[PDB]
Each structure stands twice: as structure tokens, then as C-alpha cells.
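Structure below is entry_12.txt: compact mmCIF, N, CA and C atoms.
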```txt
# COMPACT_ATOMS: atom_id res chain seq x y z
N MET M 1 3.78 -12.16 6.78
CA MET M 1 3.20 -10.80 6.76
C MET M 1 1.72 -10.87 6.38
N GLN M 2 0.88 -10.18 7.13
CA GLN M 2 -0.55 -10.21 6.88
C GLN M 2 -0.99 -8.95 6.14
N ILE M 3 -1.49 -9.13 4.93
CA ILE M 3 -1.97 -8.00 4.15
C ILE M 3 -3.38 -7.63 4.57
N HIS M 4 -3.55 -6.37 4.94
CA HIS M 4 -4.85 -5.86 5.32
C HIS M 4 -5.54 -5.32 4.08
N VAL M 5 -6.58 -6.01 3.65
CA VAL M 5 -7.29 -5.65 2.44
C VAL M 5 -8.35 -4.59 2.72
N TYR M 6 -8.05 -3.36 2.34
CA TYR M 6 -9.00 -2.26 2.51
C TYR M 6 -9.71 -1.95 1.20
N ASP M 7 -10.92 -2.47 1.08
CA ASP M 7 -11.77 -2.24 -0.08
C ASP M 7 -12.20 -0.77 -0.13
N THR M 8 -11.71 -0.04 -1.11
CA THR M 8 -11.94 1.40 -1.15
C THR M 8 -12.90 1.78 -2.28
N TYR M 9 -13.92 2.55 -1.93
CA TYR M 9 -14.85 3.08 -2.91
C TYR M 9 -14.51 4.53 -3.25
N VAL M 10 -14.07 4.76 -4.47
CA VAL M 10 -13.82 6.11 -4.94
C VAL M 10 -14.71 6.40 -6.14
N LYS M 11 -15.69 7.26 -5.95
CA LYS M 11 -16.69 7.53 -6.97
C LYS M 11 -16.21 8.58 -7.97
N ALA M 12 -15.83 8.13 -9.15
CA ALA M 12 -15.56 9.04 -10.26
C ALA M 12 -16.88 9.41 -10.92
N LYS M 13 -16.93 10.56 -11.57
CA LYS M 13 -18.18 11.05 -12.12
C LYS M 13 -18.63 10.21 -13.31
N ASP M 14 -17.89 10.26 -14.41
CA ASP M 14 -18.29 9.58 -15.63
C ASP M 14 -17.28 8.52 -16.05
N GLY M 15 -16.11 8.54 -15.42
CA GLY M 15 -15.10 7.55 -15.72
C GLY M 15 -15.54 6.16 -15.31
N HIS M 16 -15.46 5.89 -14.01
CA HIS M 16 -15.94 4.64 -13.43
C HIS M 16 -15.75 4.67 -11.92
N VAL M 17 -16.67 4.05 -11.19
CA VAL M 17 -16.50 3.87 -9.76
C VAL M 17 -15.21 3.11 -9.50
N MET M 18 -14.28 3.78 -8.86
CA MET M 18 -12.98 3.21 -8.59
C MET M 18 -13.06 2.29 -7.39
N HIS M 19 -13.33 1.03 -7.67
CA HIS M 19 -13.41 0.03 -6.63
C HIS M 19 -12.11 -0.74 -6.58
N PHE M 20 -11.23 -0.31 -5.69
CA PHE M 20 -9.91 -0.92 -5.58
C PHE M 20 -9.61 -1.23 -4.13
N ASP M 21 -8.81 -2.25 -3.90
CA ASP M 21 -8.44 -2.62 -2.55
C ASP M 21 -7.01 -2.20 -2.26
N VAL M 22 -6.81 -1.64 -1.08
CA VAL M 22 -5.50 -1.18 -0.66
C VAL M 22 -4.83 -2.22 0.22
N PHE M 23 -3.73 -2.78 -0.27
CA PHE M 23 -2.94 -3.71 0.52
C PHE M 23 -1.98 -2.94 1.41
N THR M 24 -2.21 -2.98 2.71
CA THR M 24 -1.31 -2.31 3.63
C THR M 24 -1.08 -3.15 4.88
N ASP M 25 -0.01 -2.83 5.58
CA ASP M 25 0.35 -3.50 6.82
C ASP M 25 -0.24 -2.75 8.01
N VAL M 26 -0.64 -1.51 7.76
CA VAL M 26 -1.22 -0.66 8.80
C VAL M 26 -2.65 -1.10 9.10
N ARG M 27 -3.04 -1.03 10.36
CA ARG M 27 -4.38 -1.46 10.77
C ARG M 27 -5.28 -0.26 11.03
N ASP M 28 -4.94 0.87 10.45
CA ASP M 28 -5.68 2.10 10.68
C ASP M 28 -6.56 2.44 9.49
N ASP M 29 -7.86 2.56 9.76
CA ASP M 29 -8.84 2.90 8.74
C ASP M 29 -8.61 4.31 8.20
N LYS M 30 -8.20 5.22 9.07
CA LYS M 30 -7.87 6.58 8.67
C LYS M 30 -6.69 6.57 7.71
N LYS M 31 -5.67 5.78 8.03
CA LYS M 31 -4.52 5.61 7.17
C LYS M 31 -4.92 5.03 5.82
N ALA M 32 -5.88 4.10 5.84
CA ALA M 32 -6.41 3.54 4.60
C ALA M 32 -6.98 4.65 3.72
N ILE M 33 -7.76 5.54 4.34
CA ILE M 33 -8.30 6.70 3.65
C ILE M 33 -7.17 7.60 3.15
N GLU M 34 -6.24 7.90 4.05
CA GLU M 34 -5.13 8.79 3.76
C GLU M 34 -4.28 8.28 2.59
N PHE M 35 -3.91 7.00 2.64
CA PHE M 35 -3.07 6.41 1.60
C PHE M 35 -3.79 6.44 0.25
N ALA M 36 -5.09 6.18 0.28
CA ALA M 36 -5.90 6.19 -0.93
C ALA M 36 -5.94 7.60 -1.52
N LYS M 37 -6.12 8.60 -0.67
CA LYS M 37 -6.21 9.98 -1.11
C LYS M 37 -4.88 10.46 -1.68
N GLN M 38 -3.78 10.10 -1.02
CA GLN M 38 -2.45 10.44 -1.51
C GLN M 38 -2.23 9.81 -2.89
N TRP M 39 -2.71 8.58 -3.04
CA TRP M 39 -2.60 7.86 -4.29
C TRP M 39 -3.46 8.51 -5.37
N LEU M 40 -4.68 8.90 -5.01
CA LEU M 40 -5.58 9.58 -5.94
C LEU M 40 -4.96 10.87 -6.45
N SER M 41 -4.42 11.67 -5.54
CA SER M 41 -3.75 12.92 -5.90
C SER M 41 -2.52 12.64 -6.77
N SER M 42 -1.91 11.48 -6.57
CA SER M 42 -0.73 11.08 -7.31
C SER M 42 -1.09 10.76 -8.76
N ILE M 43 -2.09 9.90 -8.95
CA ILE M 43 -2.47 9.46 -10.29
C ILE M 43 -3.30 10.52 -11.03
N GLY M 44 -3.99 11.37 -10.28
CA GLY M 44 -4.75 12.45 -10.90
C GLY M 44 -6.25 12.30 -10.72
N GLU M 45 -6.66 11.24 -10.04
CA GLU M 45 -8.08 10.99 -9.81
C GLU M 45 -8.47 11.44 -8.40
N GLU M 46 -8.02 12.64 -8.05
CA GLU M 46 -8.24 13.21 -6.73
C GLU M 46 -9.68 13.71 -6.56
N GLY M 47 -10.40 13.80 -7.67
CA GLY M 47 -11.74 14.36 -7.65
C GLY M 47 -12.79 13.40 -7.11
N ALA M 48 -12.66 13.05 -5.84
CA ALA M 48 -13.62 12.19 -5.17
C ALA M 48 -13.56 12.41 -3.66
N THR M 49 -14.66 12.14 -2.99
CA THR M 49 -14.73 12.29 -1.55
C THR M 49 -14.68 10.92 -0.87
N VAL M 50 -13.68 10.73 -0.02
CA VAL M 50 -13.52 9.46 0.69
C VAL M 50 -13.89 9.62 2.15
N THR M 51 -15.00 9.01 2.53
CA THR M 51 -15.48 9.06 3.90
C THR M 51 -15.31 7.69 4.57
N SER M 52 -15.82 7.56 5.79
CA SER M 52 -15.80 6.29 6.49
C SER M 52 -16.68 5.26 5.77
N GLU M 53 -17.58 5.76 4.93
CA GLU M 53 -18.45 4.90 4.16
C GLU M 53 -17.74 4.39 2.91
N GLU M 54 -16.81 5.19 2.41
CA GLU M 54 -16.07 4.85 1.21
C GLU M 54 -14.92 3.91 1.55
N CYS M 55 -14.35 4.07 2.74
CA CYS M 55 -13.30 3.19 3.20
C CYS M 55 -13.91 1.95 3.84
N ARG M 56 -13.43 0.79 3.44
CA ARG M 56 -13.99 -0.47 3.90
C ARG M 56 -12.88 -1.47 4.18
N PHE M 57 -13.05 -2.28 5.21
CA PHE M 57 -12.07 -3.31 5.52
C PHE M 57 -12.66 -4.68 5.23
N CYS M 58 -12.00 -5.44 4.37
CA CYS M 58 -12.45 -6.78 4.04
C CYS M 58 -11.95 -7.78 5.06
N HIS M 59 -10.64 -7.99 5.08
CA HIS M 59 -10.03 -8.99 5.95
C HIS M 59 -8.52 -8.97 5.81
N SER M 60 -7.86 -9.85 6.54
CA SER M 60 -6.43 -10.04 6.41
C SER M 60 -6.15 -11.47 5.96
N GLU M 61 -5.32 -11.62 4.93
CA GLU M 61 -5.05 -12.93 4.37
C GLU M 61 -3.55 -13.13 4.13
N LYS M 62 -3.19 -14.31 3.64
CA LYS M 62 -1.80 -14.61 3.31
C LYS M 62 -1.32 -13.72 2.17
N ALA M 63 -0.04 -13.40 2.19
CA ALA M 63 0.51 -12.44 1.25
C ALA M 63 1.57 -13.07 0.35
N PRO M 64 1.38 -12.96 -0.97
CA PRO M 64 2.38 -13.38 -1.96
C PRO M 64 3.64 -12.52 -1.89
N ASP M 65 4.76 -13.08 -2.33
CA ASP M 65 6.06 -12.41 -2.26
C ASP M 65 6.02 -11.02 -2.88
N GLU M 66 5.26 -10.90 -3.97
CA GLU M 66 5.11 -9.65 -4.70
C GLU M 66 4.66 -8.50 -3.79
N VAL M 67 3.55 -8.69 -3.10
CA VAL M 67 2.98 -7.63 -2.27
C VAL M 67 3.83 -7.38 -1.03
N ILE M 68 4.58 -8.40 -0.61
CA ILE M 68 5.50 -8.27 0.52
C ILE M 68 6.50 -7.15 0.24
N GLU M 69 7.11 -7.22 -0.93
CA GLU M 69 8.10 -6.23 -1.34
C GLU M 69 7.45 -4.86 -1.49
N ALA M 70 6.30 -4.83 -2.15
CA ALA M 70 5.60 -3.58 -2.43
C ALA M 70 5.28 -2.81 -1.15
N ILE M 71 4.63 -3.47 -0.20
CA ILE M 71 4.21 -2.82 1.03
C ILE M 71 5.41 -2.50 1.93
N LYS M 72 6.44 -3.33 1.85
CA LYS M 72 7.65 -3.12 2.63
C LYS M 72 8.41 -1.88 2.15
N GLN M 73 8.36 -1.63 0.85
CA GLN M 73 9.10 -0.54 0.25
C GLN M 73 8.29 0.76 0.20
N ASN M 74 7.04 0.66 -0.24
CA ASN M 74 6.21 1.86 -0.44
C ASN M 74 5.31 2.14 0.76
N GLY M 75 5.11 1.13 1.60
CA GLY M 75 4.23 1.29 2.74
C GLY M 75 2.83 0.78 2.46
N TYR M 76 2.43 0.85 1.19
CA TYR M 76 1.11 0.40 0.78
C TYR M 76 1.11 0.08 -0.71
N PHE M 77 0.16 -0.74 -1.13
CA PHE M 77 0.02 -1.10 -2.54
C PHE M 77 -1.45 -1.13 -2.94
N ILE M 78 -1.81 -0.34 -3.94
CA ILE M 78 -3.18 -0.31 -4.43
C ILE M 78 -3.31 -1.20 -5.66
N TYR M 79 -4.31 -2.07 -5.65
CA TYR M 79 -4.59 -2.92 -6.80
C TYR M 79 -5.87 -2.46 -7.49
N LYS M 80 -5.82 -2.34 -8.81
CA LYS M 80 -7.01 -1.97 -9.58
C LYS M 80 -7.95 -3.17 -9.70
N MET M 81 -8.83 -3.31 -8.72
CA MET M 81 -9.81 -4.39 -8.72
C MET M 81 -10.81 -4.19 -9.85
N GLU M 82 -11.59 -3.12 -9.75
CA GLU M 82 -12.55 -2.79 -10.78
C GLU M 82 -11.98 -1.69 -11.68
N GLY M 83 -12.46 -1.64 -12.91
CA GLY M 83 -11.93 -0.69 -13.86
C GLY M 83 -10.74 -1.26 -14.60
N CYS M 84 -10.54 -2.56 -14.45
CA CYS M 84 -9.43 -3.24 -15.09
C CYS M 84 -9.76 -3.60 -16.53
N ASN M 85 -10.97 -4.09 -16.76
CA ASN M 85 -11.42 -4.44 -18.09
C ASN M 85 -12.93 -4.60 -18.11
```
Please, can you express the file's structure as C-alpha cells?
Amino acid sequence: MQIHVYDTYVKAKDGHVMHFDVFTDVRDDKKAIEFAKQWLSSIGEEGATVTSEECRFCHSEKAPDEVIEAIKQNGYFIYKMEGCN
């Protein structure tokens, strides 16, 4: 399974620029935006504008067993790249 790494820029005001990558099997940039927005509304950080500039595609790479299950079950998996520590 090839994980599509969608580097997503979500600009929070004073919290922190939410720089996270979305692991998905879908090859749609719009879906990348959509999944991120659904996730933002889910966690509560919906207060950001995601455009074609905010959505970014890095590449597709080999996938560890962990993300295989995640994307297979949820459809997508967001990893907290920045804002972790």
C-alpha cells in the first residue's frame, strides 16, 4: 500500500501553525483538503482557511503496518508533524 503524504498547512492564530501530513490512499488533492477540514472540525481547530496553497503533496512512500490499518479503517490518518514538542 502506498501512503500519499499530503503536507497540510493549517494556520492557527496564536496557537501554532498546524503543519501536519495527511496519510491517505486517495490521490485527490481536494479530498486531502476535505479530510483535513473534517478532522479540524472534529478536533476543534476548524478556525483556519485551507486553500490549494495550504494543501500540499509531498510524495508516496512505503507504509508501515500501523498506517496500513489506520487508513484502511478510517480512510485517512493525520500525523502531528509540527506542534508535537
Between M:61, M:67, M:6, M:34, single out the one closest to residue 21 in chain M, counting only N, CA and C atoms.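 Closest to residue 21 in chain M, using only N, CA and C atoms: M:6.
For the set M:63, M:55, M:18, M:26, the residue with the smallest atom-to-atom gap to residue 80 in chain M is M:18, counting only N, CA and C atoms.
Comparing M:5, M:10, M:40, M:48 by their smallest distance to residue 24 in chain M, the closest is M:5 (using all atoms listed in the file).
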Enumerate the residues of chain M with a DSSP assignment of alpha helix (DSSP H), computed from the backbone, and present them as a list in words. residues 29, 30, 31, 32, 33, 34, 35, 36, 37, 38, 39, 40, 41, 42, 43, 65, 66, 67, 68, 69, 70, 71, 72, 73 and 74 of chain M
Let me make sure I understand: among M:19, M:9, M:35, M:2, which one has the smallest atom-to-atom distance to residue 76 in chain M if we use all atoms listed in the file? M:35
